[PDB]
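As structure tokens, one chain now follows by itself in the form deposited in one PDB entry.
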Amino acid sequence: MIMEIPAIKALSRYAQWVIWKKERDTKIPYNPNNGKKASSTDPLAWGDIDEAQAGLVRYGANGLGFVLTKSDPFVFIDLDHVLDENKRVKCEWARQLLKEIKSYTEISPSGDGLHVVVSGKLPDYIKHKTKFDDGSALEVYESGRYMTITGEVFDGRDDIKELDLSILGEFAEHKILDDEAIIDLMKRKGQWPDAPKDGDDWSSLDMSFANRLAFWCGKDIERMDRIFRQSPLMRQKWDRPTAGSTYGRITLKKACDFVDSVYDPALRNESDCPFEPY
């Protein structure tokens, strides 16, 4: 019974509730009172839990949501893909976290992840998202975003606790936007490649994309390398030693000796791009 959960009762004091609908792999928040999409920073796009449960029924949404703000005391800890087919923790980093951070825990909508809600403050030196080799991930937010609420309590952790969160540094990577500006620009111009297909010459796709990187990044090799590692063409071969270097570095160096023109963001000579879009 979701309204008997103490954590739900605590969250029920706040008028920061939304409903959400499944769109592809995304979960879009919706204003629980008029059925339109909800901003995550507009307080009047939300409602209290009574308006959210009424809107859940009235529009047939997929579930409830709660918007975290920097003024409320709640921290949202998201553990992606940490459960097996029997809803038991299969990642040892997640099991260790649950042992050190005992607060309200619920199974996320996909059934293979967890949510942890704590009253506290995130440490200042950790990254928001941390990905692991087994596909699992740890995402932490305390504001600017909403969280789905399922009420499927995990191992009886039904109460939100006030806890110090400095131990989150044991699990999240530590910190010690122009790249995304270049990446999004290449996508708008149709210069962003898609994943290789079965019959493709992958290495030839690498050089086509590397040549386009040389223009849009202005022959900034370090920038070209950072962007390639988050492209659909990245693989282990990119870092395999090759002659005096790596296959990727030889690819990027070759692209600069080849490409003539260079994109200058202060001039925006997008027309100088020697390569047609994909």
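For clarity, a rigid core is taken as the largest C-alpha set superposing within 1.5 Å between two forms. Only residues modelled in both forms are compared. Start at 1 with the first residue shown and count on from there.
Omitted here: the form deposited in another entry. The next part is about that form.
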Given a cut-off of 2 Å on Cα movement between this form and the one not shown, rigid core as reference, pick the single residue from 76, 154, 171, 192 that exceeds or meets it. 192
Core-aligned C-alpha movement of residue 22 between this form and the one not shown reaching 2 Å: no
Can a Cα shift of no less than 2 Å be assigned to residue 243 between this form and the one not shown, given superposition on the rigid core? yes
At a 2 Å cut-off on C-alpha positions, does residue 31 qualify as shifted between this form and the one not shown after fitting the rigid core? no
Shared-residue segments moving between this form and the one not shown, Cα shift 2 Å or more over 3+ consecutive positions, core-fitted: 177 to 278
